[PDB]
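With the deposited numbering, the residue at position 2 of the sequence shown is 5, and numbering never jumps.
C-beta atoms are modelled at their ideal positions from N, C-alpha and C, and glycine is treated no differently.
This report concerns only the one structure given below.
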Amino acid sequence: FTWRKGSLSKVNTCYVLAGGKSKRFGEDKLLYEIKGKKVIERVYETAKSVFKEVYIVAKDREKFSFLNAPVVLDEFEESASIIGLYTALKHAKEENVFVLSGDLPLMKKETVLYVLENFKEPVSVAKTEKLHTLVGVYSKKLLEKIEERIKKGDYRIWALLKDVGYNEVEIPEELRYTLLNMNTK
(Lines of atoms letter the chains of each structure in order from A; the text may use other names.)
(Lines give C-alpha, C1' and ligand atoms only; values in the text may rest on other atoms or scores of the structure.)
Protein backbone atom coordinates (compact mmCIF):
# COMPACT_ATOMS: atom_id res chain seq x y z
CA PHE A 4 0.00 0.00 0.00
CA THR A 5 1.15 3.60 -0.31
CA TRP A 6 0.80 5.49 2.97
CA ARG A 7 3.57 3.53 4.69
CA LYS A 8 6.03 2.08 2.19
CA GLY A 9 7.17 -1.43 3.02
CA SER A 10 4.30 -2.43 5.31
CA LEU A 11 1.39 -3.92 3.34
CA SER A 12 3.47 -4.82 0.28
CA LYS A 13 7.01 -6.16 0.10
CA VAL A 14 7.35 -4.63 -3.35
CA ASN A 15 9.34 -1.51 -2.48
CA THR A 16 10.82 -0.66 -5.88
CA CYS A 17 9.35 0.47 -9.19
CA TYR A 18 10.78 0.91 -12.68
CA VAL A 19 9.26 3.55 -14.93
CA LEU A 20 9.89 2.69 -18.58
CA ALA A 21 10.84 5.74 -20.65
CA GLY A 22 11.87 3.90 -23.82
CA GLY A 23 14.26 4.99 -26.54
CA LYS A 24 13.86 7.49 -29.34
CA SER A 25 10.39 8.90 -30.02
CA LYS A 26 8.22 6.58 -32.11
CA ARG A 27 5.44 9.12 -32.70
CA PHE A 28 5.58 10.89 -36.07
CA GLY A 29 3.72 13.45 -38.14
CA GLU A 30 2.98 17.19 -38.11
CA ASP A 31 1.81 17.13 -34.49
CA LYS A 32 4.61 14.94 -33.17
CA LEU A 33 6.19 17.77 -31.17
CA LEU A 34 2.93 18.36 -29.25
CA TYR A 35 3.00 14.73 -28.15
CA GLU A 36 6.71 14.73 -27.30
CA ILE A 37 6.40 17.84 -25.14
CA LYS A 38 3.21 16.66 -23.45
CA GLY A 39 4.95 13.31 -23.04
CA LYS A 40 7.56 14.84 -20.72
CA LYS A 41 4.89 16.13 -18.33
CA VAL A 42 3.23 12.73 -18.53
CA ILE A 43 6.28 10.71 -17.46
CA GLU A 44 6.98 13.32 -14.79
CA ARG A 45 3.52 12.65 -13.39
CA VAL A 46 3.94 8.88 -13.58
CA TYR A 47 7.25 9.19 -11.75
CA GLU A 48 5.76 11.29 -8.96
CA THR A 49 2.85 8.87 -8.66
CA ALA A 50 5.29 5.98 -8.31
CA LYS A 51 7.31 7.82 -5.66
CA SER A 52 4.13 8.24 -3.61
CA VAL A 53 3.89 4.45 -3.40
CA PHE A 54 7.46 3.06 -3.51
CA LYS A 55 10.62 3.60 -1.46
CA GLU A 56 12.71 3.52 -4.63
CA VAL A 57 11.78 4.48 -8.19
CA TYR A 58 14.05 4.25 -11.22
CA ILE A 59 13.65 5.50 -14.76
CA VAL A 60 14.66 3.04 -17.46
CA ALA A 61 15.95 4.92 -20.50
CA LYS A 62 18.57 4.74 -23.27
CA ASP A 63 19.73 8.32 -22.63
CA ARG A 64 20.43 9.60 -19.11
CA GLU A 65 20.71 13.32 -19.94
CA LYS A 66 17.44 13.12 -21.86
CA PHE A 67 15.72 12.58 -18.50
CA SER A 68 17.82 14.75 -16.21
CA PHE A 69 14.76 16.98 -15.91
CA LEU A 70 13.11 14.31 -13.74
CA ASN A 71 15.75 14.67 -11.01
CA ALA A 72 15.63 10.88 -10.79
CA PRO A 73 18.03 7.92 -10.86
CA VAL A 74 18.28 6.39 -14.34
CA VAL A 75 18.92 2.72 -15.05
CA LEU A 76 20.54 2.61 -18.48
CA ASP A 77 19.05 0.56 -21.31
CA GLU A 78 22.24 -0.14 -23.28
CA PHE A 79 20.55 -1.75 -26.29
CA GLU A 80 20.19 0.04 -29.63
CA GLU A 81 16.81 -1.52 -30.43
CA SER A 82 13.78 0.06 -28.80
CA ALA A 83 11.45 -2.68 -27.57
CA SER A 84 9.36 -2.91 -24.41
CA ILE A 85 10.75 -6.35 -23.62
CA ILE A 86 14.24 -4.82 -23.55
CA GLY A 87 13.13 -2.22 -21.02
CA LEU A 88 11.66 -5.04 -18.94
CA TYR A 89 14.91 -7.00 -19.17
CA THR A 90 16.85 -3.92 -18.08
CA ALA A 91 14.55 -3.40 -15.10
CA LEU A 92 14.73 -7.01 -13.89
CA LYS A 93 18.50 -7.17 -14.36
CA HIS A 94 18.82 -4.17 -12.03
CA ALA A 95 16.17 -5.38 -9.55
CA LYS A 96 17.45 -5.66 -5.97
CA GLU A 97 14.33 -7.41 -4.68
CA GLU A 98 12.54 -10.57 -5.89
CA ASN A 99 9.44 -8.74 -7.13
CA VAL A 100 9.41 -5.24 -8.61
CA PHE A 101 6.75 -2.98 -10.06
CA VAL A 102 6.88 -1.97 -13.73
CA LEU A 103 5.08 1.13 -14.93
CA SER A 104 5.03 2.55 -18.47
CA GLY A 105 5.96 6.23 -18.58
CA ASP A 106 3.21 7.13 -21.09
CA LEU A 107 0.11 6.86 -18.87
CA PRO A 108 -1.24 10.44 -18.45
CA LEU A 109 -4.06 9.47 -16.09
CA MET A 110 -2.32 6.99 -13.78
CA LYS A 111 -3.29 7.24 -10.12
CA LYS A 112 -1.71 5.67 -7.06
CA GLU A 113 -4.90 3.74 -6.28
CA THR A 114 -4.48 1.78 -9.50
CA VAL A 115 -0.93 0.84 -8.53
CA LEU A 116 -2.04 -0.08 -5.02
CA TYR A 117 -4.90 -2.27 -6.27
CA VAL A 118 -2.43 -4.21 -8.39
CA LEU A 119 -0.06 -4.58 -5.44
CA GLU A 120 -2.88 -5.85 -3.23
CA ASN A 121 -3.76 -8.48 -5.84
CA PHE A 122 -0.22 -9.52 -6.75
CA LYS A 123 0.46 -13.22 -7.40
CA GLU A 124 3.62 -14.83 -8.80
CA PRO A 125 5.21 -14.89 -11.26
CA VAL A 126 3.59 -11.83 -12.86
CA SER A 127 0.44 -9.81 -12.22
CA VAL A 128 -0.56 -7.19 -14.76
CA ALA A 129 -3.45 -4.77 -15.06
CA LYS A 130 -6.35 -5.76 -17.31
CA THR A 131 -9.05 -3.49 -18.72
CA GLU A 132 -10.24 -4.09 -22.28
CA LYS A 133 -6.52 -4.31 -23.00
CA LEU A 134 -3.79 -6.31 -21.27
CA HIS A 135 -1.42 -3.77 -19.75
CA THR A 136 1.87 -5.64 -19.97
CA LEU A 137 3.72 -2.64 -18.58
CA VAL A 138 1.56 -2.03 -15.50
CA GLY A 139 2.22 -4.73 -12.96
CA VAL A 140 4.56 -6.68 -10.73
CA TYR A 141 7.25 -8.84 -12.32
CA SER A 142 9.48 -11.44 -10.66
CA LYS A 143 13.25 -11.27 -11.06
CA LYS A 144 13.12 -15.06 -11.46
CA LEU A 145 11.84 -14.40 -14.98
CA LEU A 146 15.18 -12.92 -16.02
CA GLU A 147 16.54 -16.19 -17.44
CA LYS A 148 13.44 -16.77 -19.58
CA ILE A 149 13.21 -13.18 -20.80
CA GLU A 150 16.88 -13.25 -21.73
CA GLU A 151 16.35 -16.54 -23.55
CA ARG A 152 13.48 -15.24 -25.69
CA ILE A 153 15.21 -11.95 -26.52
CA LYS A 154 18.32 -13.93 -27.44
CA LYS A 155 16.16 -16.05 -29.75
CA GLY A 156 14.73 -12.89 -31.28
CA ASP A 157 11.16 -13.06 -29.96
CA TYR A 158 10.47 -9.61 -28.51
CA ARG A 159 6.76 -10.21 -27.94
CA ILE A 160 5.87 -9.68 -24.29
CA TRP A 161 2.59 -11.47 -25.05
CA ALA A 162 4.57 -14.57 -25.99
CA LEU A 163 6.80 -14.15 -22.95
CA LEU A 164 3.80 -13.97 -20.64
CA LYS A 165 2.11 -17.02 -22.18
CA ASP A 166 5.40 -18.87 -21.73
CA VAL A 167 6.05 -17.98 -18.08
CA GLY A 168 2.40 -17.62 -17.08
CA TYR A 169 0.68 -14.53 -15.71
CA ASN A 170 -2.19 -13.28 -13.60
CA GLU A 171 -4.68 -10.65 -14.75
CA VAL A 172 -5.78 -8.03 -12.25
CA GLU A 173 -9.20 -6.90 -13.45
CA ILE A 174 -9.14 -3.14 -12.95
CA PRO A 175 -12.20 -1.77 -11.12
CA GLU A 176 -14.53 0.20 -13.38
CA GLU A 177 -13.71 3.55 -11.79
CA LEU A 178 -9.97 3.06 -12.33
CA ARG A 179 -10.04 1.83 -15.91
CA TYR A 180 -9.57 5.34 -17.30
CA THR A 181 -6.28 5.59 -15.40
CA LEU A 182 -4.77 3.22 -17.97
CA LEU A 183 -5.55 5.27 -21.08
CA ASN A 184 -2.81 6.68 -23.31
CA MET A 185 -2.55 10.14 -24.89
CA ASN A 186 -4.01 10.53 -28.39
CA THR A 187 -6.93 12.06 -30.34
CA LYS A 188 -6.31 14.91 -32.77
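| query | result |
| --- | --- |
| Simplified DSSP state of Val167, which is helix, strand or coil | helix |
| Buried versus exposed call for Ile59 [16 or more other C-beta atoms within 10 Å across all chains shown] | buried |
| Contiguous beta strand (DSSP E) assignments of at least 3 residues, all confined to the region 44-100 | 56-61, 74-76 |
| Extent of the continuous beta strand (DSSP E) run through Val118 | Unbroken run through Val118 is the alpha helix (DSSP H), 112-120; no beta strand (DSSP E). |
| Cutoff 8 Å; reference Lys143; Cβ partners in own chain excluding five residues on either side | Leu92, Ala95, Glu97, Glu98, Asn99, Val100 |
| Contacting residues, own chain, Cβ-Cβ under 6 Å from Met110 (five flanking each side not counted) | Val46, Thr49, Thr181 |
| DSSP-derived helix/strand/coil call for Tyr180 | helix |
| Buried or exposed by the 16-neighbour rule on C-beta atoms within 10 Å, applied to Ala162 | exposed |
| Distance CB(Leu137)-CB(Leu103) smaller than 9 Å | yes |
| For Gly23, three-class secondary structure by DSSP | coil |
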